[PDB]
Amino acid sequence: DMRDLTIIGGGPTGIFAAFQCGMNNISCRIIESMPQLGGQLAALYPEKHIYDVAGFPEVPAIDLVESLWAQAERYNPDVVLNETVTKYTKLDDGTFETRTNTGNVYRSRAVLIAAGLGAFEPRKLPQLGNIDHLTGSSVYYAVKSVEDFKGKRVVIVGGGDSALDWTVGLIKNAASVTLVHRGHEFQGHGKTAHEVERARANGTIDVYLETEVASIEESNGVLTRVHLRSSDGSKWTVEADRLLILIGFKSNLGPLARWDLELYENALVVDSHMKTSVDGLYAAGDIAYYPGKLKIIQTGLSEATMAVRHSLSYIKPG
């Protein structure tokens, strides 16, 4: 089933781009890697208020996503969720085939890369080496079940909302809870960050800022203890059964890095029409680069309008 434009990524840029397709009477689909649309706004800061998007005095990120989506849904674009585009091919006839990780192939007359800053892979502690054999047993990047943390000695890495929340949530579940953050202070300093220090002074938990995991110990295929290190060179070891790492998400082009396209500082280089080196292949948003590019919402919206507009000369040359 041929569409005019395949859009890779369902952040604010891909969404507005899908609206642009409707507005301009071309069919499209959005292929999105996450289980929901909204990109960085829905994932990293859904509840935080945005101030610098035109005509929205003060708007929670996730509401803006909803405003943008409602605007585009009128035109009923195909939305593919839970699929990551890993390859494409331009065919003899100029049309496109884009492939996702589930082996699904998608046909379009042209394509728009609106993939931002990656597909939200959890960031790790690579200083610990390849510890896949511990992963999902004693080392976690998310809490898919509290069972795993129950009556266990657990250290928690991070200083955002996820690391904070779970430090208090596991006090009652776990034998011990220890928070360790690289930063000087905690990020997202609100209601939940106003009462974090309590259990620290109380002695029910341990908190360490300015410290990082230096190494770990294991016995019979399970974590035994965690070595810590502060900025001043202070080093100590702590007994730990579980490691819970919540330090955000990685930022790179993922599979799109190995598409033979001009790059400039982890972004796709783009001309005055938002076109890559390959005709009918466009980029817009955080992922696109041109002299003067700002990586903000306002600017991604403009770029989506310009990509879609020029794409009409490729899709239907009239």
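In this text, residue numbers run from 1 along the sequence as written.
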Legend entry - Residue range whose averaged C-alpha B-factor is higher in the record, 181 to 189 or 146 to 154: 181 to 189
Inset, instruction - Return whichever of 246 to 254 and 58 to 66 has the greater mean Cα B factor according to the PDB record. - result: 246 to 254
Inset, instruction - Just grab whichever of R74, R229, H133, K124 has the top CA B-factor as deposited. - result: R229
Inset, instruction - For the C-alpha B-factor as written in the entry, point me to the maximum among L117, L81, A110, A163. - result: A163
Legend entry - B-factor third for the C-alpha atom of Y264 within its chain: highest
Legend entry - Third of the chain's Cα B-factor distribution that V85 belongs to, per the entry: middle
Legend entry - Chain-wide C-alpha B factor ranking for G129, given as lowest, middle or highest third: lowest
Legend entry - Record-listed C-alpha B factor of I315: chain third: highest
